[PDB]
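Same chain, two forms, each on its own as structure tokens: structure 1, then structure 2.
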Structure 1
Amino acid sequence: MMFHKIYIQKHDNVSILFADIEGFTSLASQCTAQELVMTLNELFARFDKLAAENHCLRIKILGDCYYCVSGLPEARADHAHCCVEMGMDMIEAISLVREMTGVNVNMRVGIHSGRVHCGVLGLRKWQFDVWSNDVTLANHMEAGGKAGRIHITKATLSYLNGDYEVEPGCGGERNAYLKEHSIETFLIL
């Protein structure tokens, strides 16, 4: 074999959640690196606990971006609810941490459901990850989301079985990717 062995496997019917700190660069520009990492660690460790309960699997942390998915490793039907529930717990966590810290912590949540290829790349410093247009869309939904709210796509809503009262998301106005691809958005209540 001339192509390196690739550790990747496809998975259908999964949900992805993206959450990102608002104006993180601006934040790190005022408080000490030591102090920032602590506020960030206070928040992300709390997130890692919530994920275990909600049956969501944490992928990785990119500074202020935090993402996880449901339907991994083993398939699940309750999948889209888990992420909605996860966001619910997350948005609340941030509030408590903002309360006791005094730091301006605010995150945008974005969810979409579909397929993903997942595994690792390269030979060194392996880290499990996800790849697909669906994952690309999820990331854009977070960018298109609104502070302290759980922004979702129509594909995700078709998996909630109507257990949540939502409202027009208007993502096509906030993010050019969502518009050009004709994505119908919704905000959870």
Structure 2
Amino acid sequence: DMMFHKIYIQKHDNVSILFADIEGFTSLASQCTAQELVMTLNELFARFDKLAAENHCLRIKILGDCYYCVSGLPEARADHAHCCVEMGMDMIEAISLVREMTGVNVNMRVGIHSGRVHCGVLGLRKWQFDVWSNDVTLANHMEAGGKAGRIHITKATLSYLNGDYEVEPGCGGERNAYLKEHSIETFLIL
């Protein structure tokens, strides 16, 4: 406070981190123009923003074509898993309508892990609420090691689900090295 700067960060357990990216982003960039893209991007992420508020997810940041929220925040929730699952569902549905409007193969690639996070802000200028931990770092890799239009969940995300959704073998080890080298059992949603 007098020697280290004041830190605006706090620990938060039992939370579920959704990550979502766009398959065929450059192929879409190829069709439309610089502006025409941003319109489609803003329209989708404004659309996305609403769904998060319903599905009790607090949206973190938008990183170009990367959208990521997290349920279980700002305040704890026993639904924290089910929300993200219901979120990705609505998201794959939300891309559908906008994809049919263009007529080109674009899709969302979802990934979700659970566990513990730290959350808050870094620096002084230009604050933007963000999360950090290996569990976030894992969640990110889940999206990276995801499959088109399917929801990629972790071993931890099934133990918070109470088995309501029907799952199938994920095989994330083959789509990502961080997943492989950490022996993460992954699953997919039916």
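Only the largest set of C-alpha atoms that superpose within 1.5 Å between the two forms is called the rigid core. Residue numbering: sequential along structure 1, first residue numbered 1.
Shifts of 2 Å or more at the CA atom, core superposed, between structure 1 and structure 2: which of the listed residues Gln34, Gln127, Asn161, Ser29 is the one? Residue with a C-alpha shift of 2 Å or more: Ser29.
Threshold 2 Å Cα movement between structure 1 and structure 2 at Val105, rigid core reference: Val105 C-alpha, core-superposed: shift of 2 Å or more.
Having superposed the rigid core, state how many Å the Cα of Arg115 shifts between structure 1 and structure 2. Core-aligned C-alpha shift comes out at 0.2 Å.
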